[PDB]
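Read the single chain below, which is given as structure tokens and is the form deposited in one PDB entry.
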């Protein structure tokens, strides 16, 4: 609640392992690159070096656990994602009218990205179509999921 809980530190150590592939105790630009790309991002070599340099204490060119904590301490604060999620839905609002039909939602979700099964799409629509009119007012639906 106040910048720290021995429980967080524990989890953050588990996090370090998500980065330190060889668990050699340090994160290199090569390991950081692999993780960033596993998240669908594509940092250049200089950008990887800059991420490390930003919190490179002993300037050895790599990040160790202690340094992996100043980077977090500096940005513990979170903020709601409502507007960004609404914008993601708007990508599929063909006519820019604020609605996406139940049919268009199935067409998007069963074909794009990682996808949902038709049965998962039925469950999502059951919750999103509040009026039962086969249309999803997405600004309202996102407000409800993020409320």
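Only residues modelled in both forms are compared. Superpose the two forms; the largest set of C-alphas matching within 1.5 Å is the rigid core. Positions refer to the first chain, counted from 1.
Q) For the C-alpha atoms alone, is the average B factor greater in 125-133 or in 12-20, going by the entry? A) Here the higher of the two C-alpha B-factor means belongs to 12-20.
**Q.** Mean C-alpha B-factor comparison - 114-122 and 74-82, higher one
**A.** Higher mean C-alpha B-factor: 74-82.
Q) Of 87, 31, 54, 45, which one's C-alpha B factor is largest in the deposited record? A) So the option with the highest C-alpha B-factor is 54.
Q) Highest Cα B-factor in the deposition, which of 93, 50, 64, 104? A) It is 64.
Q: Among all modelled residues of this chain, ranked by Cα B factor, put residue 142 in the bottom, middle or top third, i.e. lowest, middle or highest.
A: According to the entry, residue 142 has a C-alpha B-factor in the chain's lowest third.
**Q.** Ranked C-alpha temperature factor of residue 59 among modelled chain residues, by third
**A.** Highest third, going by the recorded CA B-factors of the chain.
Q) Lowest, middle or highest third: where is residue 100 by C-alpha B factor in its chain? A) Lowest third.
Q) Against its chain's modelled residues, does residue 108's Cα B factor rank lowest, middle or highest third? A) Middle third by C-alpha B-factor.
Q.
Lowest, middle or highest third: which one holds residue 69 when the chain's residues are ordered by CA B-factor from the entry?
A. It belongs to the highest third of the chain when residues are ordered by C-alpha B-factor.
FYI, the form deposited in another entry isn't displayed, but the following is about it.
Q: Verify the C-alpha shift of residue 107 between the shown form and the other one: is it 2 Å or more after superposing the core?
A: It does shift by 2 Å or more.
Q: Spell out whether the Cα of residue 98 moves at least 2 Å between the shown form and the other one when the two forms are superposed on their rigid core.
A: Comparing forms between the shown form and the other one, the residue 98 CA shifts at least 2 Å.
(Q) After a rigid core superposition, would you say the CA of residue 38 moves by 2 angstroms or more between the shown form and the other one, or not? (A) No.
Q. Would one find the Cα atoms of residue 114 and residue 40 closer or farther in that other deposited form than in this form, where their distance changes by 3 Å or more?
A. Relative to the shown form, the pair is farther apart.
**Q.** Shifted regions of at least three residues between the shown form and the other one, judged by C-alpha displacement of 2 Å or more after core alignment
**A.** Flagged stretch (3+ res, CA at least 2 Å): just 81-146.
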